[PDB]
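Written below as structure tokens is the structure these notes are about.
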Amino acid sequence: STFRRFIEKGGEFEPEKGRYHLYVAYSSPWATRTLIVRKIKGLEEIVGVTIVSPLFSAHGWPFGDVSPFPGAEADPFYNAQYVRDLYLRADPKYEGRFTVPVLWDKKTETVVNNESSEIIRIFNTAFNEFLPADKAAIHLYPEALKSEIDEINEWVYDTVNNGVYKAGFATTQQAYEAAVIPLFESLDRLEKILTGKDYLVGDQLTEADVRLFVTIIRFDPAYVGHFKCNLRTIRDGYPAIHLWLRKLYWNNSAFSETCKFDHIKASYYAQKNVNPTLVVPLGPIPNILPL
Amino acid sequence: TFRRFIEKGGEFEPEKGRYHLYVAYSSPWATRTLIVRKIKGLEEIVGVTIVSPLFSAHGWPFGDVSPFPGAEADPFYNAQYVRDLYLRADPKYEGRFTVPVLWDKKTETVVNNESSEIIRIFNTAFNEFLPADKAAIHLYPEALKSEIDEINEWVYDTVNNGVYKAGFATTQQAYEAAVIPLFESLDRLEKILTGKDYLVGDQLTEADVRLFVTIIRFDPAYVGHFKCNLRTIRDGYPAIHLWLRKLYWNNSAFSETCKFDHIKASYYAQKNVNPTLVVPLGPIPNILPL
Ligand SMILES: O=S(=O)(O)O[C@H]1O[C@H](CO[C@H]2O[C@H](CO[C@H]3O[C@H](CO)[C@@H](OS(=O)(=O)O)[C@H](OS(=O)(=O)O)[C@H]3O)[C@@H](OS(=O)(=O)O)[C@@H](OS(=O)(=O)O)[C@@H]2O)[C@@H](OS(=O)(=O)O)[C@@H](OS(=O)(=O)O)[C@H]1OS(=O)(=O)O
Ligand SMILES: O=S(=O)(O)O[C@H]1O[C@H](CO[C@H]2O[C@H](CO[C@H]3O[C@H](CO)[C@@H](OS(=O)(=O)O)[C@H](OS(=O)(=O)O)[C@H]3O)[C@@H](OS(=O)(=O)O)[C@@H](OS(=O)(=O)O)[C@@H]2O)[C@@H](OS(=O)(=O)O)[C@@H](OS(=O)(=O)O)[C@H]1OS(=O)(=O)O
């Protein structure tokens, strides 16, 4: 992701309320990281959000007027029709991918940052002056845990967050197996790390939990079937992960209110090179088991 | 469209060494006939050839044409595909070239290609060639017939065929119309099997065989490939799961004829459903132990 700017006093993007805006899809785990952290930090009235349609098209992510879907929205600001229109508005010569999330500056009309790992760090502190004391104190990447967080993020990112895509979009048996086996070795390892624990790092919520969560919450509903990540399921094969996952989802509204299983399943099962019939399976039931 | 039987004085006299089964291990319909062949001890009475599970543009190939571990060449006619057997029996045949085929080596014709009828043939037609214990086995006894028929009717419509209706449906509507009655019928079977080892009459019957070939393939293939995924057998249906495991692990007719590699190779090669042709490595294991 090639827009890697920050929101800093004296910088290109001064910290301000009502200036920065998030464009996301609910289906995207990467974009959902930023929705979760926006709710954790109480930024709803400080950073706006627009939900694009989960029905990825030949021109990328459409807005809700181009591709209607419950909860999908039109672009409020530029009559943008696809997320690529924002990128091209920011820079008509842009040649990257037109991905979500997009953290957008309404003032200069450009992309501040389109790397979810950096957007959620911006949110830890950039806006604290505008927050009540209890929200401003939250920091999901604190100094004392950074190195431990980075270490677990590195292999989670490689073998789990991206591992499910490597397996699901593999077009050869060999490439599928090379992705799916390390994926489940890493789940085995996460199962041990989370045994008897509520959080991955430091016995508190950190961005490591957010980054793992957005993949694990999509695992039984979409990755098992559609991406063939089916050696076992979270709910039946990984009790410590299952418990950690259900505590986050059911006990923290930041994780459930930003989790739209209908968007999730609609985006994945409309990937016609994997699932040409475009049928959306009705299971699993439920999307996530109760505590 | 071949619905003949094997009877004393009839067109197809009961004999040892004359009739031959052509089957694919992947096919639940053909596997019915493999299971009963073993239940009844017919292995040296009715021969068997295993076709390649790698279904082709020309239908089921033989093992020399499309090699796969355990797939065999046609021993009799150098047939390349199962359709070559049908066209030898009837050059004008216009049905589907399906397995199983119960074949007469003497007159070179298809006796019967309905798995539901082949397994009833195997109940009695060959008893004169069997030891007493195998000859006494009957999977469709008169006393249980009506109960077997009743459960077979909705198992056939909603479960045996239902997984296919769900998996090959090309619209959301048709997929939902199949998958919902499938799981309603699993719910119904779950109640039937709670505290029981067999569907009917507290003994093994063809009703068990006909259900087994679907359920044994459910977690390994139907859940994923055919989207039959409201819940799994092993985690969602304990009574079915127990019944299934007792058949598989305690009756070697059910395990010796169960080739999970053939099953998964055939289904996941179905390019109109799974264009990448990738075969998933899970679920692990194919069937959980007792
Ligand atoms: O954002 S883009 O820059 O990529 O816009 C382009 O759109 C197509 C290229 O992207 C891919 O589209 C298909 C589905 O999108 C998925 O993309 C990735 C999968 O790797 C998923 O998430 S993520 O990258 O990890 O963030 C994405 O998001 S999510 O998980 O749902 O949240 C998916 O939705 C995909 O194929 S498909 O099965 O859905 O049909 C990819 O095809 S492939 O199997 O890898 O080969 C495809 O790369 C391009 O359009 S397309 O018609 O080829 O599919 C492209 O258009 S093109 O260059 O003219 O060909 C981009 O649009 S454009 O440049 O503006 O015209
Ligand atoms: O036995 S046949 O007479 O049918 O030989 C023909 O082969 C093709 C037509 O059959 C089908 O092939 C594809 C897959 O086969 C599956 O068939 C059924 C699925 O409904 C499965 O089980 S069942 O016994 O009917 O209950 C079968 O068995 S099993 O579960 O593995 O045990 C499957 O393996 C199938 O699609 S797919 O595999 O590519 O995804 C069907 O296509 S469709 O999705 O329904 O639209 C197809 O009907 C024909 O060849 S083909 O190239 O179209 O695929 C056909 O050749 S043709 O006339 O030229 O078109 C038959 O071959 S031929 O007459 O000898 O030439």
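Work out how much length A:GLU45 to A:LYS247 would gain on full extension: take 0.36 nm times their residue separation and subtract the Cα-Cα distance, in nm to one decimal.
Separation in residues times 0.36 nm, less the Cα-Cα distance, equals 70.1 nm.
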Net +/- balance of residues flanking B:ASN112 in space, Cβ distance below 9 Å, scoring K and R +1, D and E -1: 0
Cα-based Kirkwood hydrodynamic radius, the range B:1-70, one decimal, Å: 13.6 Å
Debye equation applied to the C-alpha atoms of the range B:37-133, log10 I(q)/I(0) at 0.15, 0.18, 0.22 Å⁻¹: -0.65, -0.90, -1.21
Choice from B:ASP74, B:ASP64, B:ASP90 showing the highest fluctuation, given a GNM over chain B with Cα pairs closer than 10 Å: B:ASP90
Gaussian network model of chain A, Cα within-10 Å springs - most flexible of A:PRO68, A:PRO54, A:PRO132: A:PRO132
CD proxy at 222 nm, helix term only [per DSSP H run n ≥ 4: -39500 (n - 2.57); per residue of chain A; nearest 500]: -11000 deg cm²/dmol
Too-long pairs where the Cα-Cα distance tops 21 Å, listed order kept, from B:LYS40/B:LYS196; B:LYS38/B:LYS271; B:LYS16/B:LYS105: B:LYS40/B:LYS196; B:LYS38/B:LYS271
DSSP beta bridges in chain A [antiparallel fraction, %, rounded to 5]: 75 percent
Shielding of B:277-287 by partner chains, average beta-carbon count, 10 Å: 6
Cβ-based charge dipole, the protein assembly as shown, positive-most Cα from A:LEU289, A:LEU278, A:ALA58: A:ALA58
Environment charge of A:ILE181, counting only residues whose C-beta is closer than 15 Å and scoring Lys/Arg +1, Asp/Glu -1: 0
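Could you tell me which GluC sites (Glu not before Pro) in the range B:84-118 are loop residues by DSSP with no more than 10 other beta carbons within 10 angstrom of their beta carbon?
B:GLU94
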Computed over the protein assembly as shown, the ratio Rg/Rh where both radii use C-alpha atoms and Rh is Kirkwood: 1.08
Projected label distance in nm at A:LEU291 and B:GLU176, using a 7 Å step from Cα toward the beta-carbon: 3.3 nm
Low-density loop positions, trypsin sites (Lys or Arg not before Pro), the range A:1-52 - DSSP coil, at most 13 other Cβ in 10 Å: A:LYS9, A:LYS17
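Scale the Cα Rg of the range B:109-164 by the rule-of-thumb value 2.2 N^0.38 Å and send over the ratio, two decimals.
Normalised Cα radius of gyration, the range B:109-164: 1.37.
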Dipole magnitude of the range A:105-261 about its Cα centre (Cβ charges: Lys, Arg +1; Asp, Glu -1), debye to nearest 20: 560 debye
Beta bridges by DSSP in the protein assembly as shown, antiparallel share as percent, to the nearest 5: 70 percent
Label point distance in nm, B:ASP157-B:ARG88, each placed 7 Å from Cα along Cα→Cβ: 3.9 nm
Range of Cα positions in the range A:137-267 per principal axis (Å), largest first: 47, 31, 24
Shape parameters for the range B:219-290, alpha-carbon atoms, Rg then Dmax in Å: 13.0, 37
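What range in chain A is the longest one free of GluC sites (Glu not before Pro) that are in a loop by DSSP and have at most 12 other Cβ atoms within 10 angstrom? Present the calculation step by step, with values, prior to reporting the outcome.
On the way: sites that count: A:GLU12, A:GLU44, A:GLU45, A:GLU95, A:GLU109, A:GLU257.
It works out to A:110-256.
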Residue list for the range A:56-100, given a label point 7 angstrom along the Cα-to-Cβ vector of A:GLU12 and an amide N cut-off under 18 Å: A:86-99
For A:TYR157, A:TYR269, order by how many other beta-carbon atoms lie within 10 Å, fewest first: A:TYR157, A:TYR269
For chain A, alpha-carbon Rg and Dmax in angstrom: 18.6, 53
Mean separation of Cα contacts under 8 Å, 6 or more apart, over the residue count of chain B: relative contact order %: 19 percent
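Laboratory data are not the source of any read-out in this text; all were calculated from the coordinates shown. Every residue, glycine as well, gets a Cβ built from its backbone with ideal geometry; the counts of neighbours run over all protein chains shown.
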